[PDB]
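Text of target-v3.cif, listed as mmCIF, N, CA and C atoms:
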data_query
loop_
_atom_site.label_atom_id
_atom_site.label_comp_id
_atom_site.auth_asym_id
_atom_site.auth_seq_id
_atom_site.Cartn_x
_atom_site.Cartn_y
_atom_site.Cartn_z
N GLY A 1 0.83 -1.24 0.00
CA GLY A 1 0.00 0.00 0.00
C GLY A 1 0.84 1.26 0.00
N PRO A 2 0.21 2.44 -0.13
CA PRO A 2 0.93 3.72 -0.15
C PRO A 2 1.83 3.89 1.07
N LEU A 3 1.23 3.91 2.25
CA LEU A 3 1.99 4.06 3.49
C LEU A 3 2.82 5.34 3.47
N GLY A 4 2.34 6.35 2.75
CA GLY A 4 3.05 7.61 2.67
C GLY A 4 2.91 8.26 1.31
N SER A 5 2.71 7.45 0.28
CA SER A 5 2.55 7.96 -1.08
C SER A 5 1.40 8.96 -1.17
N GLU A 6 0.47 8.87 -0.22
CA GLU A 6 -0.69 9.76 -0.20
C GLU A 6 -0.30 11.15 0.31
N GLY A 7 0.71 11.20 1.18
CA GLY A 7 1.15 12.48 1.71
C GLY A 7 1.37 12.45 3.22
N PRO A 8 0.47 11.82 3.99
CA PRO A 8 0.59 11.75 5.45
C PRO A 8 2.01 11.42 5.92
N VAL A 9 2.50 10.25 5.54
CA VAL A 9 3.84 9.83 5.92
C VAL A 9 4.89 10.37 4.95
N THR A 10 5.89 11.05 5.49
CA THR A 10 6.96 11.63 4.67
C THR A 10 8.33 11.31 5.26
N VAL A 11 9.29 11.01 4.39
CA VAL A 11 10.64 10.70 4.82
C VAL A 11 11.48 11.96 4.99
N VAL A 12 12.34 11.96 6.00
CA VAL A 12 13.20 13.11 6.28
C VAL A 12 14.61 12.67 6.64
N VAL A 13 15.51 12.70 5.65
CA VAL A 13 16.90 12.31 5.87
C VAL A 13 17.81 13.53 5.91
N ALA A 14 19.00 13.36 6.47
CA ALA A 14 19.97 14.45 6.59
C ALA A 14 20.09 15.25 5.29
N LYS A 15 20.01 14.57 4.16
CA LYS A 15 20.14 15.23 2.86
C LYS A 15 18.80 15.78 2.35
N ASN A 16 17.71 15.46 3.05
CA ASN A 16 16.39 15.93 2.65
C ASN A 16 15.82 16.94 3.64
N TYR A 17 15.92 16.62 4.92
CA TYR A 17 15.41 17.50 5.98
C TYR A 17 15.79 18.96 5.73
N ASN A 18 17.06 19.20 5.44
CA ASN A 18 17.54 20.56 5.19
C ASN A 18 16.69 21.28 4.15
N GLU A 19 16.19 20.53 3.17
CA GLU A 19 15.38 21.10 2.10
C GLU A 19 13.96 21.44 2.58
N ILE A 20 13.24 20.43 3.06
CA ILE A 20 11.87 20.62 3.52
C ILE A 20 11.77 21.69 4.61
N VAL A 21 12.65 21.60 5.60
CA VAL A 21 12.67 22.55 6.71
C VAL A 21 12.97 23.97 6.23
N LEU A 22 13.88 24.09 5.27
CA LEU A 22 14.26 25.40 4.74
C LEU A 22 13.20 25.93 3.77
N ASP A 23 12.24 25.09 3.41
CA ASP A 23 11.18 25.48 2.49
C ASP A 23 10.20 26.45 3.16
N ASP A 24 10.30 27.72 2.80
CA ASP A 24 9.42 28.74 3.36
C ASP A 24 8.05 28.73 2.69
N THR A 25 7.95 28.06 1.54
CA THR A 25 6.69 27.98 0.81
C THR A 25 5.67 27.13 1.56
N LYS A 26 6.17 26.15 2.32
CA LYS A 26 5.29 25.27 3.08
C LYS A 26 5.91 24.94 4.44
N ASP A 27 5.05 24.69 5.42
CA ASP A 27 5.50 24.35 6.77
C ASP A 27 5.83 22.86 6.88
N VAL A 28 6.84 22.54 7.67
CA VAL A 28 7.25 21.15 7.85
C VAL A 28 7.48 20.83 9.32
N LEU A 29 7.09 19.62 9.73
CA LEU A 29 7.25 19.19 11.11
C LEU A 29 8.02 17.87 11.18
N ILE A 30 9.29 17.95 11.56
CA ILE A 30 10.13 16.76 11.66
C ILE A 30 10.26 16.30 13.11
N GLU A 31 9.77 15.10 13.39
CA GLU A 31 9.83 14.55 14.74
C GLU A 31 10.87 13.45 14.84
N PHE A 32 11.74 13.55 15.84
CA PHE A 32 12.79 12.56 16.05
C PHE A 32 12.40 11.58 17.16
N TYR A 33 12.33 10.30 16.81
CA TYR A 33 11.97 9.27 17.77
C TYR A 33 12.77 7.99 17.54
N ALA A 34 12.57 7.00 18.40
CA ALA A 34 13.27 5.73 18.29
C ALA A 34 12.37 4.57 18.69
N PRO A 35 12.56 3.39 18.07
CA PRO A 35 11.75 2.20 18.37
C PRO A 35 12.08 1.61 19.74
N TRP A 36 13.38 1.49 20.03
CA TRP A 36 13.83 0.94 21.30
C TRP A 36 13.71 1.97 22.42
N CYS A 37 13.30 3.19 22.08
CA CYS A 37 13.16 4.26 23.06
C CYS A 37 12.33 3.80 24.26
N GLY A 38 11.21 3.14 23.99
CA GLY A 38 10.35 2.68 25.05
C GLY A 38 9.23 3.66 25.32
N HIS A 39 9.56 4.95 25.29
CA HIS A 39 8.59 6.01 25.51
C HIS A 39 8.29 6.75 24.21
N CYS A 40 8.99 6.37 23.14
CA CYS A 40 8.80 6.99 21.84
C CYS A 40 8.09 6.05 20.87
N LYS A 41 8.13 4.75 21.18
CA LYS A 41 7.48 3.75 20.33
C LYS A 41 6.04 4.15 20.01
N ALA A 42 5.43 4.91 20.92
CA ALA A 42 4.06 5.36 20.73
C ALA A 42 4.01 6.57 19.81
N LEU A 43 5.10 7.34 19.79
CA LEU A 43 5.19 8.53 18.95
C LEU A 43 5.04 8.16 17.48
N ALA A 44 5.54 6.98 17.12
CA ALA A 44 5.47 6.51 15.74
C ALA A 44 4.02 6.36 15.27
N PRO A 45 3.25 5.47 15.92
CA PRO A 45 1.84 5.24 15.56
C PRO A 45 0.99 6.50 15.71
N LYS A 46 1.32 7.31 16.70
CA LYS A 46 0.58 8.55 16.95
C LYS A 46 0.80 9.55 15.82
N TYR A 47 1.96 9.47 15.18
CA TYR A 47 2.29 10.37 14.08
C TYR A 47 1.60 9.93 12.79
N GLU A 48 1.36 8.63 12.67
CA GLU A 48 0.70 8.08 11.49
C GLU A 48 -0.77 8.48 11.45
N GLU A 49 -1.39 8.55 12.62
CA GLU A 49 -2.80 8.92 12.72
C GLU A 49 -2.99 10.40 12.41
N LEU A 50 -2.27 11.26 13.13
CA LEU A 50 -2.35 12.70 12.92
C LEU A 50 -1.94 13.06 11.49
N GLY A 51 -1.07 12.25 10.90
CA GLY A 51 -0.62 12.51 9.55
C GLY A 51 -1.72 12.35 8.53
N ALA A 52 -2.51 11.29 8.67
CA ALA A 52 -3.60 11.02 7.75
C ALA A 52 -4.77 11.98 7.98
N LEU A 53 -4.93 12.43 9.22
CA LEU A 53 -6.00 13.35 9.58
C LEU A 53 -5.69 14.75 9.07
N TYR A 54 -4.54 15.28 9.47
CA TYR A 54 -4.13 16.62 9.06
C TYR A 54 -3.93 16.69 7.55
N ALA A 55 -3.49 15.58 6.96
CA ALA A 55 -3.27 15.52 5.52
C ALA A 55 -4.58 15.58 4.75
N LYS A 56 -5.63 15.00 5.34
CA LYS A 56 -6.94 14.99 4.71
C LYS A 56 -7.60 16.36 4.80
N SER A 57 -7.26 17.11 5.84
CA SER A 57 -7.82 18.44 6.05
C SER A 57 -7.53 19.35 4.85
N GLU A 58 -7.88 20.62 4.98
CA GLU A 58 -7.65 21.59 3.91
C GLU A 58 -6.35 22.35 4.13
N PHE A 59 -5.30 21.62 4.51
CA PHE A 59 -4.00 22.22 4.75
C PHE A 59 -2.88 21.35 4.19
N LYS A 60 -3.17 20.67 3.08
CA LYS A 60 -2.19 19.80 2.45
C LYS A 60 -0.97 20.59 1.98
N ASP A 61 -1.22 21.75 1.38
CA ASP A 61 -0.15 22.60 0.88
C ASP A 61 0.24 23.66 1.91
N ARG A 62 -0.18 23.46 3.16
CA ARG A 62 0.12 24.40 4.22
C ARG A 62 1.05 23.77 5.26
N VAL A 63 0.69 22.58 5.72
CA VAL A 63 1.48 21.87 6.71
C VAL A 63 1.63 20.40 6.35
N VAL A 64 2.83 19.86 6.56
CA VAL A 64 3.09 18.46 6.25
C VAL A 64 3.71 17.74 7.44
N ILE A 65 3.12 16.60 7.81
CA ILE A 65 3.61 15.81 8.93
C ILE A 65 4.73 14.87 8.49
N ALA A 66 5.96 15.20 8.87
CA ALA A 66 7.11 14.38 8.51
C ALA A 66 7.69 13.67 9.73
N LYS A 67 7.98 12.39 9.58
CA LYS A 67 8.54 11.59 10.67
C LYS A 67 9.96 11.14 10.33
N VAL A 68 10.76 10.91 11.37
CA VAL A 68 12.14 10.48 11.18
C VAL A 68 12.76 10.01 12.49
N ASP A 69 13.70 9.08 12.40
CA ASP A 69 14.37 8.55 13.58
C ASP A 69 15.57 9.42 13.94
N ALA A 70 15.84 9.54 15.24
CA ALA A 70 16.96 10.34 15.72
C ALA A 70 18.25 9.52 15.77
N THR A 71 18.53 8.80 14.69
CA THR A 71 19.73 7.98 14.61
C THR A 71 20.40 8.12 13.24
N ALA A 72 20.09 9.21 12.55
CA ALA A 72 20.66 9.47 11.23
C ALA A 72 22.01 10.17 11.34
N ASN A 73 22.59 10.49 10.19
CA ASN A 73 23.89 11.16 10.15
C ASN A 73 23.73 12.62 9.75
N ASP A 74 24.74 13.43 10.07
CA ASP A 74 24.72 14.85 9.75
C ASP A 74 23.47 15.53 10.30
N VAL A 75 23.10 15.17 11.53
CA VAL A 75 21.93 15.74 12.17
C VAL A 75 22.27 16.27 13.56
N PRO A 76 22.81 17.50 13.64
CA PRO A 76 23.18 18.12 14.91
C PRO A 76 21.96 18.55 15.72
N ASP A 77 21.35 17.60 16.42
CA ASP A 77 20.18 17.88 17.23
C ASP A 77 20.38 17.40 18.67
N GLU A 78 20.85 18.30 19.53
CA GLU A 78 21.08 17.97 20.93
C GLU A 78 19.81 18.22 21.75
N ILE A 79 19.29 17.15 22.35
CA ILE A 79 18.08 17.25 23.16
C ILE A 79 18.20 16.46 24.45
N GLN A 80 17.36 16.80 25.42
CA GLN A 80 17.37 16.12 26.72
C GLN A 80 16.70 14.75 26.63
N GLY A 81 15.52 14.69 26.02
CA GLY A 81 14.81 13.43 25.89
C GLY A 81 14.52 13.07 24.44
N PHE A 82 14.65 11.79 24.12
CA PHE A 82 14.42 11.30 22.77
C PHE A 82 13.24 11.87 22.08
N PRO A 83 12.09 11.89 22.71
CA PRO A 83 10.94 12.41 22.03
C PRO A 83 11.09 13.89 21.75
N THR A 84 11.87 14.19 20.72
CA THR A 84 12.15 15.56 20.32
C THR A 84 11.30 15.97 19.12
N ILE A 85 10.87 17.22 19.11
CA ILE A 85 10.05 17.74 18.02
C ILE A 85 10.64 19.03 17.46
N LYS A 86 10.98 19.00 16.18
CA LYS A 86 11.55 20.17 15.51
C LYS A 86 10.51 20.86 14.64
N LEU A 87 10.17 22.09 15.00
CA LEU A 87 9.18 22.86 14.25
C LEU A 87 9.86 23.82 13.27
N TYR A 88 9.40 23.80 12.03
CA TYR A 88 9.95 24.66 10.99
C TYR A 88 8.83 25.35 10.22
N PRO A 89 8.46 26.58 10.63
CA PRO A 89 7.39 27.34 9.97
C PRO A 89 7.82 27.88 8.61
N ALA A 90 6.87 27.98 7.69
CA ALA A 90 7.14 28.49 6.36
C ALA A 90 7.25 30.01 6.36
N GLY A 91 8.44 30.51 6.04
CA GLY A 91 8.65 31.95 6.02
C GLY A 91 9.47 32.43 7.20
N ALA A 92 9.24 31.81 8.36
CA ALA A 92 9.97 32.18 9.57
C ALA A 92 10.88 31.04 10.02
N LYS A 93 11.37 30.27 9.06
CA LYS A 93 12.26 29.15 9.35
C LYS A 93 13.68 29.64 9.63
N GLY A 94 14.61 28.71 9.75
CA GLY A 94 15.99 29.07 10.02
C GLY A 94 16.40 28.79 11.45
N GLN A 95 15.42 28.56 12.32
CA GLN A 95 15.69 28.27 13.72
C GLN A 95 14.96 27.01 14.17
N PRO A 96 15.70 25.93 14.48
CA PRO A 96 15.10 24.66 14.91
C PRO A 96 14.33 24.81 16.22
N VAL A 97 13.01 24.74 16.14
CA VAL A 97 12.17 24.86 17.33
C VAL A 97 12.11 23.55 18.09
N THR A 98 12.81 23.49 19.22
CA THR A 98 12.84 22.29 20.05
C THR A 98 11.74 22.32 21.10
N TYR A 99 10.93 21.27 21.15
CA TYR A 99 9.84 21.17 22.11
C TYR A 99 10.38 20.90 23.51
N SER A 100 9.46 20.73 24.46
CA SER A 100 9.83 20.46 25.84
C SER A 100 9.49 19.03 26.23
N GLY A 101 8.48 18.47 25.56
CA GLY A 101 8.07 17.11 25.85
C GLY A 101 6.83 16.70 25.08
N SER A 102 6.87 15.52 24.48
CA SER A 102 5.74 15.02 23.71
C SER A 102 4.86 14.10 24.55
N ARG A 103 3.69 13.75 24.02
CA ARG A 103 2.76 12.88 24.73
C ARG A 103 1.55 12.55 23.86
N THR A 104 1.02 13.56 23.17
CA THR A 104 -0.14 13.37 22.31
C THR A 104 -0.10 14.33 21.13
N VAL A 105 -0.65 13.89 20.00
CA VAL A 105 -0.68 14.71 18.79
C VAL A 105 -1.49 15.98 19.00
N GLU A 106 -2.46 15.92 19.91
CA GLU A 106 -3.30 17.08 20.20
C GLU A 106 -2.46 18.27 20.66
N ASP A 107 -1.39 17.98 21.40
CA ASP A 107 -0.51 19.03 21.89
C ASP A 107 0.39 19.56 20.77
N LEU A 108 0.69 18.70 19.81
CA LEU A 108 1.53 19.08 18.68
C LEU A 108 0.80 20.05 17.75
N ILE A 109 -0.40 19.67 17.35
CA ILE A 109 -1.21 20.50 16.46
C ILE A 109 -1.44 21.89 17.06
N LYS A 110 -1.81 21.92 18.33
CA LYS A 110 -2.07 23.18 19.02
C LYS A 110 -0.84 24.09 18.98
N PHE A 111 0.31 23.54 19.38
CA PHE A 111 1.55 24.29 19.40
C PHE A 111 1.86 24.88 18.02
N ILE A 112 1.84 24.02 17.00
CA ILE A 112 2.11 24.45 15.63
C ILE A 112 1.26 25.66 15.26
N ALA A 113 0.07 25.74 15.84
CA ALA A 113 -0.84 26.85 15.57
C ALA A 113 -0.38 28.11 16.30
N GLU A 114 0.30 27.93 17.42
CA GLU A 114 0.80 29.05 18.21
C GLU A 114 2.13 29.57 17.66
N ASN A 115 2.98 28.65 17.21
CA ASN A 115 4.28 29.02 16.66
C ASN A 115 4.20 29.21 15.15
N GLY A 116 3.52 28.29 14.47
CA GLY A 116 3.39 28.38 13.03
C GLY A 116 2.37 29.41 12.59
N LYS A 117 2.72 30.20 11.58
CA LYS A 117 1.83 31.23 11.07
C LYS A 117 0.78 30.63 10.13
N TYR A 118 1.17 29.59 9.42
CA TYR A 118 0.26 28.92 8.48
C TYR A 118 -0.92 28.30 9.22
N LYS A 119 -0.67 27.87 10.46
CA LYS A 119 -1.71 27.25 11.27
C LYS A 119 -2.21 28.21 12.35
N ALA A 120 -2.14 29.50 12.06
CA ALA A 120 -2.58 30.52 13.00
C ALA A 120 -3.39 31.61 12.30
N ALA A 121 -4.29 32.24 13.04
CA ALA A 121 -5.13 33.30 12.49
C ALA A 121 -5.97 32.79 11.33
#

Turn the structure described in the file into structure tokens.
Amino acid sequence: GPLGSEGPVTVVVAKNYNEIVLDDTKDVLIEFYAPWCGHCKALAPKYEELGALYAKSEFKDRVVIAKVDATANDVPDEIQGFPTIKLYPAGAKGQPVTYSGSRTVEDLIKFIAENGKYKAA
């Protein structure tokens, strides 16, 4: 099946992230998690749900839910806890927005609306 070809699930590698995140034309949300994390294993499935929901909404060309593991190369991302969330707003990018702690997609969407201009006003 698609499993991403539709848009919800998107790949973000060291050689790609720089592009999507730097893209001011559209907003991008790259989340760093791990399978063996234990507390992040849920972040994966939780991202797949919000991805298909937000993707179906009327913001396909406004915000894109991108997932990625925090075990890649050329990725200078120092964080306290694995469940790290990097916010990159379209137009006001250039600064990696590091969250304080994940738990539910509901908190992610809300925040993006407070920090992201595309999901605000």

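Of the listed residues A:12, A:92, A:121, A:85, the one whose atoms come nearest to residue 32 of chain A is A:85, with distances taken using all atoms listed in the file.
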
| task | Could you pull out the residues in chain A that DSSP calls strand (DSSP E) from the backbone, as a list in words? | result | residues 27, 28, 29, 30, 31, 32, 33, 63, 64, 65, 66, 67, 68, 69, 84, 85, 86, 87, 88, 97 and 98 of chain A

Would you mind listing what lies within 9 Å of segment 107-120 of chain A as a PDB file with N, CA and C atoms, keeping the file's coordinate frame, with only C-alpha atoms counted and same-chain residues fewer than 5 positions away left out?
ATOM      1  N   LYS A  26       6.170  26.150   2.320  1.00  0.00           N
ATOM      2  CA  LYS A  26       5.290  25.270   3.080  1.00  0.00           C
ATOM      3  C   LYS A  26       5.910  24.940   4.440  1.00  0.00           C
ATOM      4  N   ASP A  27       5.050  24.690   5.420  1.00  0.00           N
ATOM      5  CA  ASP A  27       5.500  24.350   6.770  1.00  0.00           C
ATOM      6  C   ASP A  27       5.830  22.860   6.880  1.00  0.00           C
ATOM      7  N   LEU A  29       7.090  19.620   9.730  1.00  0.00           N
ATOM      8  CA  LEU A  29       7.250  19.190  11.110  1.00  0.00           C
ATOM      9  C   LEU A  29       8.020  17.870  11.180  1.00  0.00           C
ATOM     10  N   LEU A  50      -2.270  11.260  13.130  1.00  0.00           N
ATOM     11  CA  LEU A  50      -2.350  12.700  12.920  1.00  0.00           C
ATOM     12  C   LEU A  50      -1.940  13.060  11.490  1.00  0.00           C
ATOM     13  N   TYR A  54      -4.540  15.280   9.470  1.00  0.00           N
ATOM     14  CA  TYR A  54      -4.130  16.620   9.060  1.00  0.00           C
ATOM     15  C   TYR A  54      -3.930  16.690   7.550  1.00  0.00           C
ATOM     16  N   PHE A  59      -5.300  21.620   4.510  1.00  0.00           N
ATOM     17  CA  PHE A  59      -4.000  22.220   4.750  1.00  0.00           C
ATOM     18  C   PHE A  59      -2.880  21.350   4.190  1.00  0.00           C
ATOM     19  N   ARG A  62      -0.180  23.460   3.160  1.00  0.00           N
ATOM     20  CA  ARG A  62       0.120  24.400   4.220  1.00  0.00           C
ATOM     21  C   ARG A  62       1.050  23.770   5.260  1.00  0.00           C
ATOM     22  N   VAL A  63       0.690  22.580   5.720  1.00  0.00           N
ATOM     23  CA  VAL A  63       1.480  21.870   6.710  1.00  0.00           C
ATOM     24  C   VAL A  63       1.630  20.400   6.350  1.00  0.00           C
ATOM     25  N   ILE A  85      10.870  17.220  19.110  1.00  0.00           N
ATOM     26  CA  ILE A  85      10.050  17.740  18.020  1.00  0.00           C
ATOM     27  C   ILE A  85      10.640  19.030  17.460  1.00  0.00           C
ATOM     28  N   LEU A  87      10.170  22.090  15.000  1.00  0.00           N
ATOM     29  CA  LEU A  87       9.180  22.860  14.250  1.00  0.00           C
ATOM     30  C   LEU A  87       9.860  23.820  13.270  1.00  0.00           C
ATOM     31  N   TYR A  88       9.400  23.800  12.030  1.00  0.00           N
ATOM     32  CA  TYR A  88       9.950  24.660  10.990  1.00  0.00           C
ATOM     33  C   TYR A  88       8.830  25.350  10.220  1.00  0.00           C
ATOM     34  N   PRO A  89       8.460  26.580  10.630  1.00  0.00           N
ATOM     35  CA  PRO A  89       7.390  27.340   9.970  1.00  0.00           C
ATOM     36  C   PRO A  89       7.820  27.880   8.610  1.00  0.00           C
ATOM     37  N   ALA A  90       6.870  27.980   7.690  1.00  0.00           N
ATOM     38  CA  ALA A  90       7.140  28.490   6.360  1.00  0.00           C
ATOM     39  C   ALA A  90       7.250  30.010   6.360  1.00  0.00           C
ATOM     40  N   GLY A  91       8.440  30.510   6.040  1.00  0.00           N
ATOM     41  CA  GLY A  91       8.650  31.950   6.020  1.00  0.00           C
ATOM     42  C   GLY A  91       9.470  32.430   7.200  1.00  0.00           C
ATOM     43  N   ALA A  92       9.240  31.810   8.360  1.00  0.00           N
ATOM     44  CA  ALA A  92       9.970  32.180   9.570  1.00  0.00           C
ATOM     45  C   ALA A  92      10.880  31.040  10.020  1.00  0.00           C
ATOM     46  N   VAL A  97      13.010  24.740  16.140  1.00  0.00           N
ATOM     47  CA  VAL A  97      12.170  24.860  17.330  1.00  0.00           C
ATOM     48  C   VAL A  97      12.110  23.550  18.090  1.00  0.00           C
ATOM     49  N   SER A 102       6.870  15.520  24.480  1.00  0.00           N
ATOM     50  CA  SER A 102       5.740  15.020  23.710  1.00  0.00           C
ATOM     51  C   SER A 102       4.860  14.100  24.550  1.00  0.00           C
TER      52      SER A 102
END

| request: Could you pull out the residues in segment 18-119 of chain A that DSSP calls alpha helix (DSSP H) from the backbone, as a PyMOL selection string? | output: chain A and resi 18-22+43-56+105-115

| task | With a distance cut-off of 9 Å and only C-alpha atoms, select the neighbouring residues of segment 15-19 of chain A, excluding the residue or stretch itself and same-chain residues fewer than 3 positions from it, and output the selection as a PyMOL selection string. | result | chain A and resi 11-12+22-23+30+74

| task | Around the point (11.6, 11.9, 27.0) in the file's coordinates, collect all residues with an atom within 8 Å, using all atoms listed in the file, and return them as a list in words. | result | residues 39, 40, 80, 81, 82, 83, 84, 100, 101 and 102 of chain A

| query | Please, which residues are within 8 Å of (22.0, 8.9, 7.0) by the file's coordinates, counting all atoms listed in the file, and could they come as a count of residues only? | reply | 8

| field | Interatomic distance (Å, one decimal) between atom N of residue 105 of chain A and atom N of residue 31 of chain A | value |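 Interatomic distance, atom N of residue 105 of chain A to atom N of residue 31 of chain A: 12.4 Å.
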
| task | Determine the nearest neighbour of residue 55 of chain A from the options A:6, A:77, A:106, A:24, counting all atoms listed in the file. | result |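 Looking only at the distances to residue 55 of chain A, the closest residue turns out to be A:6.
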
| remark: Using all atoms listed in the file, the best pick from A:99, A:86, A:79, A:64 as closest to residue 51 of chain A would be A:64

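Proximity of A:21, A:67, A:5, A:60 to residue 47 of chain A, computed with only N, CA and C atoms, is greatest for A:67.
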
| request: Fewer than 5 positions away in the same chain doesn't count, so skip those; otherwise give me all residues within 7 Å of residue 9 of chain A, counting all atoms listed in the file, as a PyMOL selection string. | output: chain A and resi 3-4+48+51-52+65-67

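Closest to residue 37 of chain A among A:69, A:93, A:2, A:103 is A:69, based on only C-alpha atoms.
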
| field | atom CA of residue 104 of chain A to atom CA of residue 58 of chain A, straight-line distance in Å | value | 21.5 Å

| query | Which of these residues is nearest to residue 61 of chain A, using only N, CA and C atoms: A:25, A:8, A:78, A:33? | reply | A:25
